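Just so you know, these numbers use all the heavy atoms, side chains as well, and skip hydrogens, waters and symmetry mates. Below, chains carry the letters A, B, ... as their sequence lines are ordered, and counting in each starts from 1.
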Amino acid sequence: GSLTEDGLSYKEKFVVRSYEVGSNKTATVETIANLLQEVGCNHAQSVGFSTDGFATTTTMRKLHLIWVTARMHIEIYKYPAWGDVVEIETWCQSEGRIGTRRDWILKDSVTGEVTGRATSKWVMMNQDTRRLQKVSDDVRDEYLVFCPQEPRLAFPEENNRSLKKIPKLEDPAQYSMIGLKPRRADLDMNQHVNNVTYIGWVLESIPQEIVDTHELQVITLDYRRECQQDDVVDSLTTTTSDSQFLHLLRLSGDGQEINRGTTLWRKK
Amino acid sequence: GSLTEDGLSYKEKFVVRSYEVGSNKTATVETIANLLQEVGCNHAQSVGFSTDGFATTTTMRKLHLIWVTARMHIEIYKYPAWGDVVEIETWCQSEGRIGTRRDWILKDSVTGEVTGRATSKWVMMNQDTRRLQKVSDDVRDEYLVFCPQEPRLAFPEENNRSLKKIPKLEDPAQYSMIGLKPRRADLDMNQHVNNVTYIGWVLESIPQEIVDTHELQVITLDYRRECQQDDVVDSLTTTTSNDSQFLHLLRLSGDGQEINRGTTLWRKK
Ligand SMILES: Cc1noc(C)c1C(=O)NCCC1=CCCCC1
Ligand SMILES: Cc1noc(C)c1C(=O)NCCC1=CCCCC1
């Protein structure tokens, strides 16, 4: 992997591993999501930001400020097979005082064809109080020198799937998976649950028949609250429709929301 | 990755990924175990065996026979850091009519120093009845051409940890983690739970204080029964011991049917 010629984006190649594939002999969506966070981390390191998952600058660390994912949107046209070479390109951009955006383009290295794309919105917050801040001015300058100044959107379409409001699932849910817990493998260097684990938890309430007759095409997820090491999650799914579903992750007892999303599935 | 000059072993290099590390900023044991299974699969493919996790030959598929892990033994001296390059060498060997053995050597590519080693015993079995059978001569000849004919042991020692009998944990267990379930990410191409998930489940009943003051040095695990997609596991641990040793047991949540038993040796950090 390396920053491109202009230094305003990063590229990296991956060979799909034997343990990274599911029932269709193709990469799981959790493998794809892990590959996205890997190239995003390598881009953060190549420009001097932190590599702890928060992509902080010098002044952000001085003020105990971090970047947190608020929303994610992934669209996959073709899942890579075992042994395939995928090329991922990533870049970040300023969204005024609202926050940051990180985009990804996935391509098959042999054909150069776009096989997937992703977008994510990030917000600035105090690491201890968790209170959101509007992006100041001294922070915008420390990281805008690494962003293209002209807009560069992985999903350029005027008001598309990545910018639609997600509603709260109403009880009773059609499908559910209860008592989900993260294990040590799901935790990062600072013992926080990996962002990709929440994707897997959402998909656990999808029935096995849908998974065996359909492929996941689009996934939009809102991150409301962080799940701790000792927290237990309930995964809820209801059909809204191709096949579409509405999702909800909440804490096992009290029912405190952690995530809500939508999935669009295509027949095999 | 590629088979070595003599074709009797396989090597592959890996760069440790950001999401593959834990609290120490070093690779988790599940990442190490996944890297071992990856190079083992690439070696199976390089010599024409199946790549479904069973490493079957033509005649084995004709008779519905598969290789299954019976025991695993891993020793780690130094866990690789984020961005480090590790080199893994693997080879398999005939253990007469008992089964096969697969060995691994982990090295830091920059220093060439041995940072870890692993061994595993495999047994032949009918895929459907799950009945273990002695390895026949037809099968023995189809894979012996890929094994070194002289012994090559990752753990050559005359009385080492990889060949010690593991006892069954007696209730009450000192520590426990209940209601563990595999997710879709933990399943292979044929919807079987990945062998590395069982390692992670064993380590879930280790207290967080041990994990934060010690590093895992040795892990020996016996695989008695396969956990299904819809099965729920209970993880049990009791201290047996500068070092700390534990006895482990994985069993089904209800009835308590054993799936695994093992031992871990931890060194002060
Ligand atoms: C920048 C940066 N610095 O460290 C990391 C790690 C990144 C990064 O790109 N993380 C993406 C997080 C994510 C991926 C897939 C699921 C939804 C959330
Ligand atoms: C040969 C072969 N062919 O496909 C695969 C996959 C292998 C392989 O080496 N699997 C190792 C299994 C394992 C890994 C970590 C500890 C527990 C047991």
Flag if over 12 foreign heavy atoms under 6.0 Å of NZ, A/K267: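 Counting other residues, nucleotides and ligands, NZ of A/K267 stays at 12 neighbours or fewer.
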Within 6.0 Å of CZ in A/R225, more than 12 heavy atoms from elsewhere: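 No - once you tally the heavy atoms of other residues, nucleotides and ligands closer than 6.0 Å, there are 12 at most.
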[X] versus chain A, the contacting section by heavy-atom distance below 4.5 Å:
| X | value |
| --- | --- |
| B/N42 | side chain |
| B/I178 | backbone |
| B/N195 | neither |
| B/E204 | both |
| B/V211 | side chain |
| B/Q45 | side chain |
| B/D212 | side chain |
| B/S235 | neither |

NZ/NE/NH1/NH2 to OD/OE distance under 4.0 Å, A/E30 and B/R183: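 Looking at A/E30 and B/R183, the cut-off is met.
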Check ion pair B/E20-A/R17 (N to O, under 4.0 angstrom):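 Looking at B/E20 and A/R17, the cut-off is met.
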Largest heavy-atom contact set with chain B, pairs under 4.5 Å, which of A/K25, A/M177, A/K181: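 When all of A/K25, A/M177, A/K181 are compared, A/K181 has the most.
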Top contributor to chain B interface from A/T51, A/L187, A/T26 [non-hydrogen pairs under 4.5 Å]: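 The option with the most such pairs is A/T51.
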Atom of B/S18, atom of A/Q37 and distance for their closest heavy-atom approach: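 Residues B/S18 and A/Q37, closest heavy atoms: OG-O, 4.3 Å.
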Best-contacting candidate, B/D188, B/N190, B/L203, against chain A by heavy atom pairs under 4.5 angstrom: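 Among B/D188, B/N190, B/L203, the one with the most close pairs to chain A is B/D188.
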Residue selection (most heavy-atom pairs with chain A, distance under 4.5 Å) from B/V21, B/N34, B/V15: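 Most heavy-atom pairs within the cutoff with chain A belong to B/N34.
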Close side-chain approach of B/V196 and A/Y19, heavy atoms under 4.5 Å: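 No - every pair of side-chain heavy atoms lies 4.5 Å or more apart.
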Toward chain B, the part of A/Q229 with a non-hydrogen atom under 4.5 Å: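 Just its side chain gets close to chain B.
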Stepwise side-chain contact (heavy atoms from CB on, under 4.5 Å) test for B/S23 and A/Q191: CA-CA 6 Å; B/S23 52; A/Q191 272 152 250; 3.9 Å; yes
Distance in Å, B/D186 CG paired with A/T28 OG1, rounded so as to fall on 0.5 Å steps: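 Going from the CG atom of B/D186 to the OG1 atom of A/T28 covers 10.0 Å.
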